[PDB]
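Trainee: begin with these chain(s), straight out of the complex:
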Amino acid sequence: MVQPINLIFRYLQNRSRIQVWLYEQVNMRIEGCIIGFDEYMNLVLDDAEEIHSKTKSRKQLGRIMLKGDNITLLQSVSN
Amino acid sequence: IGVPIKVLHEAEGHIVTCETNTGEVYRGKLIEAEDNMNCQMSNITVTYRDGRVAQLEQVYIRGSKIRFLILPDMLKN
Amino acid sequence: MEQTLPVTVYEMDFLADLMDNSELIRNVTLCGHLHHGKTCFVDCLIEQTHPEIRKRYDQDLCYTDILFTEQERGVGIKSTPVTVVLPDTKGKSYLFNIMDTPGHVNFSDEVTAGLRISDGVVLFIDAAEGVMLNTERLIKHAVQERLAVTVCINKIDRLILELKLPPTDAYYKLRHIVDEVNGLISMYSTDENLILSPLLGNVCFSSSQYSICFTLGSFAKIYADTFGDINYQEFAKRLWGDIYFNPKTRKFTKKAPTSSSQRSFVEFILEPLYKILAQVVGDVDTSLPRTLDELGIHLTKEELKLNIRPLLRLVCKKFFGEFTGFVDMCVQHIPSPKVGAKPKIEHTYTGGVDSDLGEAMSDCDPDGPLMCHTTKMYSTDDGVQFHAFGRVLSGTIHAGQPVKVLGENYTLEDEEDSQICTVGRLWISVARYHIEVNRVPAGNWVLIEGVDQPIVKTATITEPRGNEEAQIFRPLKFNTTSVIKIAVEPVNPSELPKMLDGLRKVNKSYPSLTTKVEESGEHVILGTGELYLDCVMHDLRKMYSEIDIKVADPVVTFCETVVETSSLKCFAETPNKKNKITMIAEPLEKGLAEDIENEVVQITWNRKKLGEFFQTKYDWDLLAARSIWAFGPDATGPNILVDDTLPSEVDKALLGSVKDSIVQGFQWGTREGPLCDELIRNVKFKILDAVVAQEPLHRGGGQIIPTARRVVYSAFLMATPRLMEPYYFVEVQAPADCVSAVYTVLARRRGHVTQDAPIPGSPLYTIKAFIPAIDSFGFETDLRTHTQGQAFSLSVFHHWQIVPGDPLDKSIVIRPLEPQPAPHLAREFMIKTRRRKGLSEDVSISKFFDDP
């Protein structure tokens, strides 16, 4: 039984680049290496970049704080 | 305990329909009616907003996207 | 419909609405041992669902057990159906069809009638007495009928107010009971999927006297209600099974801390129950209000003035509330008619699931072909008309609808045992009142009216002008065998017809009753015991025929057998002087007849598997294992017919032409028997030779059937014949001191005591014995009177054992009225029965031969 919070903690401890999809907005998602998470789903992503699938553009913002209400799904990425 | 959650739990074992917020209406046997509005049915016929209908061997809709539910009124009287 | 009905918590429209949905219906049979609380449990449920019905402070009201004889005796006699709407733990109301069966072993047949139309079994076990004889018998019968099984451990208060056991010892007693039930189930069922344990919710702990009904889930929900933050399912998972609780870490661990802490069950469940009961019974006036406040129960001044037993009942009703644990147990584990239809069709329907109509019934769809199946016949108060009670397996029965009713002899090839009848009315059968309804969908119990005429025991209701391939359901296989035989006549022969009518009626009221007329014009009733026949005769005298009836003393039905092969190869020709059949008779191997009776072998199997079984289990020759023709008189009859005719001497094709006639003659001869017209048991018949006339008109029909019976009789007689008494198994629940006295009683009635083990956790002993049925008359009364009523016994048919004497001994002199000594008891049992049947004074070994 692998829970989602334990998988999110393992992905934060591994430092791998994960991509989070926006809730109610699938045209643009975020990607980066999350250093830690909070109890309200807020995570601290290092080297965060907003990738829009409609235009094929990437805008980097640096150290960002992602709220748990805006992110709907989170997956793993190689880059 | 609410009257609607008690009516949803008492509606298990019979045929009922549930329409979500996106217009998807799944009709079938209410296998599991949780207190959080989670409706799990087995062999439910799901009709979307476009009009196409399909059959699922086991469907489970969460309570966050629940719009309305129509069950039999014979148990209320 | 619209009619006057008692005030109930739910509404009749809701009850009718639940019937349409077959996923919310539970067909449940509450079975168990005598006086284990089933009827009181049903009464508690009725009180819960009927606000106006209240149990008397002194007399335990019984909503079921409505008969006058049941009320006077205090022993359940007939199964009572009750249809209610019960709320679950989550609050979801389920439709429950509960068949309250009698606990007495003599009426075990009644339970069988309640097991054919049910999907689940709830076995009630006394927490003090534990597992008894009827509980074991009902477990075997239920798991052999392919039914889901759950357990209600009733009368837990006896562990607190009678035995005064410590809570850990009470837990040990309950665990031992559960383990013993699990062992019995595993012994009677090859599959180990249906392990019973209160962790799985299969087991509920109850006290119907004080309305203390709870399972682990329900009582964990009580904890959840008093403390919201706890989830009841995981807590119920942690409550049972030697899992200790650490309050320093608030965690449940298999390792016991402090070496003195009690289990989770004892700490959280048993100890609070003990505290409640002790506070009510011991510290009422001084310390009851504080504990009542701690539990949130508030009682009025008039309610606190009650006696201790009513106060316990009230307090435990307020605490535990509704019997939601029972509903959970019967919802999660007992299949609905939708789910459980397939096993029922595969087990009971004669055509099998593979048939088209079997597939139709597997769905239990209300809008299908009508395939109702009634197994009970309930007489009205006036006793003139009968209502056929049973479940609807497919389609929907409507009031005022033409119906084809199929009897037990109805077959596709011979449809004569079928009658077109018009249904009069339909009732949903609650115990003391009936809810008239217009229709009943599939998966529900119904009292069909107007179909009682063409049926005696079992019916197959279907719709006419359809279901041309419909077959009947298998007739009720009964747990025990009806043995005790009584002759019945009227005081005034002028009113003979009335009694005859009464006989018919009792034949309908009692599923296992057998009423016939012998060759001497003597009306014969077969029952399972003296209490069973007492109830039968009370019904025959008061309910059905109001005439005075003389009853002969009770005698048992003996069996006939052989102990060694026939001296010479017996033979018989047809009256045509052709078709010579030469046979011999030999006894069967040990346990072979038991294998045949217990369905271990079936003639319906193919030749390959039957031959393989007879070759490996009993080491028969391949030719001998493949030449077997039929099993005894009936299907799976204790006797065996084989032909040893080598193909060189007899044409197998020609013999197969007369095979049906020879098998019919064999079955008839084994059913009748030549000693005293009694069933021939455990005899192997070998056809040594068979001449057959080539022309069809000189064989078959009335030529070869009587010839086969004659040659069977000769082969049986030349082989050394013997009689089998029926031996009953007796379980006596007696105090420790009385055990010795019990032996004394069984000393006077040829009783052999097999075991005298004590009851763990109880101050009593269970003396098991094997008493002859013919000597069992008054044994129960003798034992109870000799021991001042402290010892109670229940006798049930166990086996057939050879009578010590030799029936064919003309040298024995028998005085007309004297208890004969053992060495010639059989000689007494053969001639006297021969006089009761109306046959000749004695039978000669060459009576059926051809030389004389």
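Mentor: Yep, that arrived. Residues are numbered from 1 along each chain as shown, chains lettered A, B, ... in the order given.
Trainee: count of residues packed around residue 51?
Mentor: Defaulting to chain A. When neighbours are defined as other C-beta atoms under 10 Å in any protein chain shown, residue A:51 has 16 of them. To be clear about C-beta, it is placed using only N, CA and C from the backbone, and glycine gets the same treatment.
Trainee: you answered for a different chain; I wanted chain B.
Mentor: Quick note: residue B:51 (other C-beta under 10 Å) scores 7 neighbours.
Trainee: contacting residues for it?
Mentor: Going by C-beta atoms under 8 Å, 6 or more residues apart in numbering or on different chains, residue B:51 touches no other residue.
Trainee: spatially central residue for chain B, please.
Mentor: When C-alpha atoms, centre = their mean is applied to chain B, the residue found nearest the centroid is residue B:18 (3.6 Å).
Trainee: apart from its neighbours in sequence, what residue is nearest that residue?
Mentor: residue B:69 (4.5 Å; C-beta to C-beta, 6 or more residues apart in numbering or on different chains).
Trainee: what's the one you found in contact with, if anything?
Mentor: Applying C-beta under 8 Å, 6+ apart, the residues near residue B:69 are B:8, B:11, B:16, B:17, B:18, B:19, B:39.
Trainee: so how far is chain C from the fifth one?
Mentor: So that's residue B:18. For residue B:18, the distance to chain C equals 16 Å [C-beta to the nearest C-beta, to the nearest Å].
Trainee: give me the phi and psi for that residue.
Mentor: Main-chain dihedrals, residue B:18, degrees, to the nearest 10: phi -140, psi 120.
Trainee: drop chain D onto that structure:
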Amino acid sequence: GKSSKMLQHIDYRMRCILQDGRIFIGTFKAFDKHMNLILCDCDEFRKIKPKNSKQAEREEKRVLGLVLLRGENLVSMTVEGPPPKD
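Mentor: Below is chain D, added to the chains above:
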């Protein structure tokens, strides 16, 4: 304090307009703290509420039976009349 505002419309036929724009007219036989309503004999109409309609009074009317209106999509409610005897 009293809480009779929810019990005054209980058992009577009320017509409630949800957040999606549909109008459900049925006997309000069940309520809750989350605003979840139970409509026995409930009919859902999405075209318009028929109030003295000269051309038509029932457009896109669907009968459900025992309808369960969720309180999350509730917007407003209106009283139509008293309930029947049956």
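Trainee: let's see the contacts of residue B:69 again after adding chain D.
Mentor: Contacts of residue B:69 by C-beta under 8 Å, 6+ apart are B:8, B:11, B:16, B:17, B:18, B:19, B:39, D:67, D:68, D:70.
Trainee: from those residues, which land in helices?
Mentor: Of the contacts of residue B:69, the ones assigned to helices by DSSP state H are residue B:8.
Trainee: tell me the one of the contacts of residue B:69 nearest residue C:221?
Mentor: residue B:8 (17.9 Å; C-beta to C-beta).
Trainee: pretty sure that closest one contacts residue B:38?
Mentor: No - Residue B:8 sits out of contact with residue B:38 when judged by C-beta atoms under 8 Å, with a separation of 9.7 Å.
Trainee: which one of the two has more residues nearby?
Mentor: Comparing residue B:8 with residue B:38 by other C-beta under 10 Å, the one with more neighbours is residue B:8, at 29 against 15.
Trainee: look through chain C and state the residue closest to chain B.
Mentor: Per C-beta to the nearest C-beta, residue C:17 is where chain C lies closest to chain B, at 2.1 Å.
Trainee: what strand or helix carries that residue?
Mentor: Secondary structure from DSSP states H and E places residue C:17 in helix C:12-20.
Trainee: can you mark which positions in that helix are buried?
Mentor: The neighbour-count check on helix C:12-20 (16 or more other C-beta atoms under 10 Å in any protein chain shown) flags C:12, C:14, C:15, C:16, C:17, C:18, C:19, C:20 as buried.
Trainee: which elements pack onto that helix?
Mentor: With contacts taken as 3 or more C-beta pairs under 8 Å, 6 or more residues apart in numbering or on different chains; DSSP states H and E, helix C:12-20 sits against strand C:80-87, strand C:93-100, strand C:434-437, strand C:439-441.
Trainee: now the sequence for chain E, which goes on the structure above:
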Amino acid sequence: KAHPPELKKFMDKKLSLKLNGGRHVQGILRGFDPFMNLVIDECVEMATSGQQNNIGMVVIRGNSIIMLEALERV
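Mentor: Okay, here's chain E dropped in alongside the others:
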């Protein structure tokens, strides 16, 4: 109170999930949480154009969870 979703029968079984914004995924449920956060092992998100992209095991929140459909026998 605070009960999790009914994911014991659907756990370890390949089923499809519907996420908000018209998202569709298919994978094996490796577990769930009390806030509707489930683990999808071997997840393959089906795009609107018809092609499916395998993203592996991911964490799906319970806020945007539309409905789950079991693709196997429960």
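Trainee: same question on the buried residues of helix C:12-20, but with chain E included?
Mentor: C:12, C:14, C:15, C:16, C:17, C:18, C:19, C:20.
Trainee: quick one, the helix or strand just after it and helix C:12-20 angle?
Mentor: Using DSSP H and E, the next helix or strand after helix C:12-20 towards the C-terminus is strand C:25-32. Relative orientation of strand C:25-32 versus helix C:12-20 (axes from the mean of the first three to the mean of the last three C-alpha atoms, to 10 degrees): 90 degrees.
Trainee: what packs against the following helix or strand past strand C:25-32?
Mentor: Next in sequence after strand C:25-32, counting helices and strands by DSSP H and E, comes helix C:38-49. Helix C:38-49 sits against strand C:25-32, strand C:80-87, strand C:93-100, strand C:148-154, with contacts defined as 3+ C-beta pairs under 8 Å, 6+ apart.
Trainee: can you tell me which residue is spatially central in chain A?
Mentor: residue A:20 (3.7 Å).
Trainee: ok so, going back, reformat the helices and strands packed on helix C:38-49 as JSON lines; add distance to residue E:63 and mean neighbour count.
Mentor: Shown next, in JSON lines, are those (distance: least, C-beta to C-beta, whole Å; neighbours: other C-beta atoms under 10 Å in any protein chain shown):
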{"stretch": "strand C:25-32", "distance to residue E:63": "38", "mean neighbour count": "28"}
{"stretch": "strand C:80-87", "distance to residue E:63": "33", "mean neighbour count": "24"}
{"stretch": "strand C:93-100", "distance to residue E:63": "33", "mean neighbour count": "26"}
{"stretch": "strand C:148-154", "distance to residue E:63": "40", "mean neighbour count": "24"}
